[PDB]
Every structure is written in structure tokens, then in C-alpha cells.
Participant: 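Before I ask anything, let me first share the structure, which is written out below as C-alpha cells.
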Amino acid sequence: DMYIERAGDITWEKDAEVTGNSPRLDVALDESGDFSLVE
Amino acid sequence: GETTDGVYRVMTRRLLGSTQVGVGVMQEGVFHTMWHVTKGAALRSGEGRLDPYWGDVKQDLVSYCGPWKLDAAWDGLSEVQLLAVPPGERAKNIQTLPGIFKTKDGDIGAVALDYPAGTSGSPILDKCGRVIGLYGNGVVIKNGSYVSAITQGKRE
Ligand SMILES: O=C1CCN(c2ccccn2)CC1
């Protein structure tokens with residue numbers, strides 16, 4: 001039995017930590033909603 | 001139940017203790033999450049019940065109480081923020097420049113950030129605070145790192 005609990009407002013934060021790269025990938029999406037890499 | 005707009009954890013007491021299985025967004029009286037988080041099951045909010053209204057396994061999305069309301073889109077150029085809500089941890093914003101998933105049916109923004117599985121459904125936002133999609137359906141790339149699509153629904 002699943003339940004929900006509030007965790008916060010949805011707002012942009014000035015000076016949030018900035019990280020992560022920006023890869024460009026060829027991918028395929030199957031009927032079950034799974035992504036896979038195309039090589 | 002609580003109907004205030006914002007980000008929510010999705011919990012279950014079926015397993016050991018209270019376990020966070022995902023996250024979602026309440027907007028315009030509709031609860032939005034990824035299909036793999038709830039598998040389309042009903043949800044509780046206090047003493048109230050939220051019933052599924054629309055869902056699609058291939059898009060990996062589900063809405064409760066009404067139709068999908070989120071329609072903002074990544075502009076393809078700017079940094080966005082993941083409003084990560086990890087299990088047992090405070091909601092925290094992380095800013096990043098999305099990458100791209102190129103598919104036979106068009107290109108989708110993607111965020112290269114890894115969190116515990118129960119973080120699925122966390123919203124990705126633009127500079128106006130609009131939700132441009134949900135985090136949690138992605139792929140593991142060559143060097144072993146995780147990249148999530150920015151998954152967005154259609155507002156009819
Ligand atoms: O919300 C999440 C679900 C997907 N997940 C994964 C999946 C495979 C490898 C690494 N992280 C990140 C967290």
C-alpha cells in the first residue's frame with residue numbers, strides 16, 4: 001500500500017551545486033519502456 | 001489528503017520498515033510519477049485515495065486524479081536543475097547542462113547524474129521553475145555511468 005509525503009516546493013535555486021557532463025548518445029527505446037545504447 | 005503543489009516522496013510499508021520507492025509531482029490537483037515507481041497501483045495521501053487516471057509503460061509515465069498537466073520542454077541550450085529527492089535525505093537542487101539521447105523518433109534531453117533507485121520521479125526544472133520532465137528512466141553507458149532521459153508527457 002503506497003502513500004505519498006510532501007518533500008518540498010518546486011523552485012529553481014540560485015547558486016545550486018553545478019555538475020554532470022552532457023553526453024550525446026544514440027539510443028533505442030523498446031515496447032517495455034527500456035532504453036538501450038545503439039552501437 | 002494533501003493536495004498542495006510540490007514534490008512528494010512515494011513510500012511503501014510492504015517491505016522492511018518504510019521504504020521510498022520513488023518521487024512525484026503534484027500540480028493542478030494531479031499527481032505525476034514514473035510508471036515503474038507505482039506499476040499503476042492506487043496511492044494514499046493521509047486518509048484520501050489517489051486513483052490512476054492515465055498511464056503508459058513505453059513512456060514510463062502515470063498520472064493520478066486527472067490528465068497529465070506538465071508541458072514545459074527543455075530549450076536544448078540551457079542548464080536545468082534536477083530537484084533530487086533521495087531516500088531518507090533532504091530535497092536538493094543540482095544544476096547541469098543536459099546531454100542528448102538521439103533516437104529514430106527524434107532527440108530527447110538527458111541528465112548525467114546518478115542517485116539511489118528510489119529517486120525516480122524527481123522533477124527536472126527550467127529557470128522559470130517549470131517541470132520539463134521526470135528523472136529515472138535511462139541507460140548505463142560505456143564507462144559504467146548512468147544517464148537519465150528527461151521524460152515528459154503530453155498535455156491533451
Ligand atoms: O532513480 C534511479 C533509477 C535508475 N538508477 C540507476 C539504474 C542503473 C544504474 C544506475 N542507476 C538511478 C536512480
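These numbers come from the heavy atoms of this one structure, side chains and all, not from hydrogens, waters or symmetry mates. Sequence lines set the chain letters: A, B, ... in the order given, protein chains first and strands last, and positions in each chain run from 1. First listed ligand is number 1; within each ligand, the first listed atom is number 1.
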Participant: Taking CZ in B/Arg49 as the centre, count heavy atoms belonging to other residues, nucleotides or ligands within less than 6.0 Å. Is the count above 12?
Facilitator: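 Incorrect, the count does not exceed 12.
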Participant: Using 4.0 Å as the upper bound for N to carboxylate O, is an ion pair formed by B/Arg155 and B/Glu28?
Facilitator: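 Salt bridge between B/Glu28 and B/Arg155, a charged N being under 4.0 Å from a carboxylate O: yes.
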Participant: Can you confirm whether A/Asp15 is buried at CG, in the sense that more than 12 heavy atoms of other residues, nucleotides or ligands lie under 6.0 Å from that atom?
Facilitator: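 Atom CG in A/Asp15 is not packed in, count stays at 12 or less.
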Participant: With side chain to side chain contact (heavy atoms under 4.5 Å, CB included) as the test, pick out the partner of B/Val131 among B/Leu70, B/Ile124, B/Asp71.
Facilitator: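 Result for side chain to side chain contact (heavy atoms under 4.5 Å, CB included) with B/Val131: B/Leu70.
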Participant: With the criterion set at N/O pairs under 3.5 Å, what does the list of contacts between the protein and ligand 1 look like, atom names and distances included?
Facilitator:
| from | atom 1 | to | atom 2 | distance (Å) |
| --- | --- | --- | --- | --- |
| ligand 1 | 1 (O) | B/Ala117 | O | 3.2 |
| ligand 1 | 1 (O) | B/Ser120 | N | 3.1 |
| ligand 1 | 1 (O) | B/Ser120 | OG | 2.8 |
| ligand 1 | 11 (N) | B/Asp114 | OD1 | 2.8 |

Participant: Among all residues two or more places apart in sequence or in another chain, which pass the side chain to side chain donor-acceptor pair (under 3.5 Å) test with B/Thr151?
Facilitator: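 For B/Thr151 there are no side chain to side chain donor-acceptor pair (under 3.5 Å) partners, ignoring immediate neighbours.
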Participant: Taking all non-hydrogen atoms of both residues into account, name the closest pair between B/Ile132 and B/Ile150 and its distance.
Facilitator: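 Scanning both residues, the minimum pair turns out to be O-CG2, 3.5 Å.
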